[PDB]
């Protein structure tokens, strides 16, 4: 109750912050409230973990180099049923809760969809009350902070832990050695890894509260420490190198960069996690190891934690002294692999020299794994020499590299894609060789998003509305949102829905106006593309359509033009050149567009800085139009798309990733789908893509290109954007021009629907009403049932 939360608050401000109202900072207040809310989950946290130890359910271990968590405070209140009481307590003390909430750093330990998938899943597994753990790296620096200076992305260290983090508790008793380098002896007592350099792994536990149940699971992130025995001053300074491992998240989205530190990160998180799991299994009730796969599941979050396979084997054979065949039966039965990667350059392949010098034993074990593997292939295909090098874990040509996917495929009992279409290509095409051998191993699990964070928290208006119509069951069972179909003809419900959208718009319009000094037309269409910047996602194409909108105003200023506020956001990897260019182009266009007095309030372009979990929560609920426009074949699933759908936006995009499943659910009539489908893409590769042909064929495209290339957007470097021009014309893998017309045409349909409130909101409601599939609660049921084989409990 209120009075008690108020007494807790003051107690913390007093004792934990050593402050009285008189000189208390806003941060002092945030902290005091966090501690008050965190205190309210301790009992359930102990009891949950206690129950796991007493009843030994099969535990699920989600293993990942990335947990894109965002802020905890508000998410935690909501899931404890505490938000309203806290709101009121804080209000009564003359403070503003939204103000305190603003203080919190994001836990930006993620790049995008892969890392955010991890986050939604933990929330989901806690809500369904599974025995689940999150395991990854406690990066000192998460994804970097993005400033824009002269329309250019600028990186600033995400110093997220400067002031401390009250959502983590260290665990001094569970520190582990992790080993690197050294050499292998195959003595007559077992094979032994010796003369290694040691890093210590200190774990931190973070509470994963379930939505209104009694479960609080754990996320355990590891930290790098130097040992005490593995110039005096320099020696002590040198301890920096060991602790460097957990220092900074690699900021690459969908790109492999074969850096040594990264390899160290990957073993580091694998090694400590695997010990902790064995330790726990051994400390429990339960070749006592025969029960291990009845008590352990390890989901590989892409190939990043791939070493987990040769590591488990290493532990089983060398320490546990199990015979290799047994060790391998159990490895296969413990692991499952989730494939998210699509393009050649994202594929992790590690050079053999590197894997040999850093981890000799793992190399040996990997070769051994490979031998057993290629043996079986020879046996079923003796005249087939090419199938051998094709399915080998070693890409034997030149450099020589380990194909971590191949390793995950052979060490796991289940392999999965993240959307129907994708798993499909994965199974029938990309892995034809392996799936032929065991069709049943390969499955789909279409992606999902938590409707806690992504409806309840980021959008309480909608949540309340929906709840006032159909009650609150939908939160824990999003399929219940179909009940809304029975409100389609409800003229008054449509108004309340539009009102909700408009408040989100008004609020967010404040944000834009107070952060960018740019006049927002409150009633224009909020047309939003937020994701990481990559040529495949095609921010560029959107950008082109912006230019077309602008020109259309210029040629004919009196002509009926539906006002849009066009928002583009997301971070470019610091080494991704073309991505940085694509940013500079957008900010350039905005400068022209936002100041051309002849357009004024008809068109406003914002490039949205420092896009991240807590910003997604702001902008998404405020959106009318969700840009989702990758080249078909290039987007494994996507999740933003889903979050827009649930929050009352209409989606414009290609038949790619889960967009396809969105269209099935709500019916294509109710999305703005356009463009080449995968076939249309292949057929164009077959015949051959000539970018030129479209530039001559479409006069509006011709102008846009000409404007960009001749400095209309860059009079001080008329040829600033040349690199974009070349790529567009000669090296564009993603066929930007081939989809232009279809896109623009499709854009004009959105425009016309927008001029009919009733039709538009009717489509909105048919979307929201069908968004239920996309709850990460459904996804997890599916993983639980056909992969982990654990049951929900409560």
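Residue numbers count along the first chain shown, from 1. Rigid core here is just the name for the largest C-alpha set that superposes within 1.5 Å across the two forms.
Participant: Superpose on the core, then say which of 582-590 and 170-178 ends up with the larger RMS Cα offset from this form in 7 other deposited structures of this protein.
Facilitator: With the rigid core fitted, 170-178 is the stretch that strays more in 7 other deposited structures of this protein.
Participant: Which stretch is less alike in 7 other deposited structures of this protein, 686-694 or 112-120, counting RMS CA distance after the rigid core is superposed?
Facilitator: Stretch with the higher C-alpha RMS distance in 7 other deposited structures of this protein: 686-694.
Participant: Do at least a third of the other compared PDB entries leave residue 320 without coordinates?
Facilitator: Across the other compared entries, residue 320 is absent from none.
Participant: Check whether residue 229 goes without coordinates in at least a third of the other compared PDB entries of this protein that model residues on both sides of it.
Facilitator: Affirmative; at least a third of those entries omit residue 229.
Participant: Neighbours in the displayed sequence, residue 163 and residue 164 may still hide a gap; how many deposited residues lack coordinates there, none, 1 to 3, 4 to 9, or 10 or more?
Facilitator: The entry has no gap there; residue 163 and residue 164 are joined directly.
Participant: How many missing residues of the deposited sequence lie between residue 230 and residue 231 in the entry, grouped as none, 1 to 3, 4 to 9, or 10 or more?
Facilitator: In the deposited sequence, 4 to 9 residues between these two have no coordinates.
Participant: Which wins on mean Cα temperature factor, 553-561 or 124-132?
Facilitator: It is 553-561.
Participant: Averaging only over Cα atoms, indicate whether 288-296 or 81-89 has the higher B-factor in the PDB entry.
Facilitator: Mean B over CA atoms: larger for 288-296.
Participant: At the C-alpha atoms, which of 267, 611, 381, 204 reaches the highest B-factor in this entry?
Facilitator: Comparing C-alpha B-factors across 267, 611, 381, 204, the top value belongs to 381.
Participant: In terms of recorded Cα temperature factor, pick the maximum from 447, 76, 595, 146.
Facilitator: The C-alpha B-factor peaks, among 447, 76, 595, 146, at 595.
Participant: Compared with the other modelled residues in the chain, in which third is the CA B-factor of residue 193?
Facilitator: Ranked within chain, residue 193 CA B lands in the highest tercile.
Participant: Could you look up the Cα B-factor of residue 49 in the entry and say which third of the chain it sits in: lowest, middle or highest?
Facilitator: Tercile = middle for this residue's CA B-factor.
Participant: Test of reading the entry: by CA B factor among the chain's modelled residues, which third contains residue 416?
Facilitator: Its C-alpha B-factor, which the entry lists for residue 416, ranks in the middle third among residues of this chain.
Participant: What third of its chain, lowest, middle or highest, does the C-alpha temperature factor of residue 496 fall into?
Facilitator: For residue 496, whose C-alpha B-factor we compare with every modelled residue in the chain, the answer is the middle third.
Participant: By its CA B factor, does residue 757 count among the lowest, middle or highest third of the modelled residues in the chain?
Facilitator: Answer is highest: the recorded C-alpha B-factor places it there.
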